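[1] I would like to see how this sequence folds:
(2 chains)
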Amino acid sequence: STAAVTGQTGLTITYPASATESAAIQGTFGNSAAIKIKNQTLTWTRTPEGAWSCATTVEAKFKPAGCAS
Amino acid sequence: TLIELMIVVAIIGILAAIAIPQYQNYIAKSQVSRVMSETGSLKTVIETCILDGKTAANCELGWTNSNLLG
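    Residues are numbered from 1 along each chain as shown, chains lettered A, B, ... in the order given. I have put the structure below:
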């Protein structure tokens, strides 16, 4: 429900406390997700200067062009 | 006349000595042919269970008894 503590176990919020550290929104697959990608995760990170970017550990053929990093 | 009767008996020997081809190939092939259809129909059920992340007990099968256990 908040950045510090969330209502879902697979989602964690990395809230920065200083002006020189980044923010991250990490989402880990599970439950209804595919068994192949059961233990993988996708994250959205924000640099201090205000740029958002996406990254994921899933296989390349499962990566769309949006998070092809 | 004793000549017609033996001809009939010989022809009986000719026909009743029919050579039976090995039909077991046909029955075994067709019996296997049915099984692959039965086993292949569960592929979509297993995959849908797999792609949804369900467990072994959570995968409901619409499988029914067949004359061949396979």
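
[2] Excluding residues flanking it in the chain, which one is nearest the spatially most central residue of chain B?
    By CA atoms, centre = their mean, chain B has its centre lying nearest to residue B:31, at 1.8 Å. Leaving out its chain neighbours, the residue that sits closest to residue B:31 by CB to CB, 6 or more residues apart in numbering or on different chains is residue B:68, at 6.6 Å. For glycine as for every other residue, the C-beta is placed from the backbone atoms N, C-alpha and C.

[3] And for that neighbour, the neighbour number?
    By the criterion of other CB atoms under 10 Å in any protein chain shown, residue B:68 has 9 neighbours.

[4] try residue B:54
    15.

[5] Tell me who's in contact with it.
    The neighbourhood of residue B:54, defined by CB atoms under 8 Å, 6 or more residues apart in numbering or on different chains, contains no residues.

[6] just to revisit the earlier point, which SS class is the residue nearest to residue B:31?
    coil (DSSP: H, G, I helix; E, B strand; the rest coil).

[7] With residue B:5 instead?
    Going by three-state DSSP: residue B:5 is helix.

[8] the helices in chain B, which residues?
    B:3-16, B:24-41, B:43-52 (DSSP state H).

[9] just the ones you listed: most buried one?
    Each of the helices of chain B was scored by mean neighbour count; the highest is helix B:43-52, a mean of 12, by mean count of other CB atoms under 10 Å in any protein chain shown.

[10] Give me the contacts around it.
    A:32, A:34, A:35, B:58, B:59, B:61, B:62.

[11] list the contacts for residue 59?
    If you meant another chain, say so; for now it's chain A. So residue A:59 contacts A:36, A:37 (CB under 8 Å, 6+ apart).

[12] my bad, the chain I had in mind was chain B
    Residue B:59 sits in contact with B:45, B:46, B:49, where contact means CB under 8 Å, 6+ apart.

[13] what would those residues look like in TSV with distance to residue B:24?
    Shown next, in TSV, are these (distance: CB to CB, whole Å):
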residue	distance to residue B:24
B:45	33
B:46	32
B:49	37
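
[14] List just the nearest of those residues to chain A.
    Closest approach between the contacts of residue B:59 and chain A, by CB to the nearest CB: residue B:49, at 9.4 Å.
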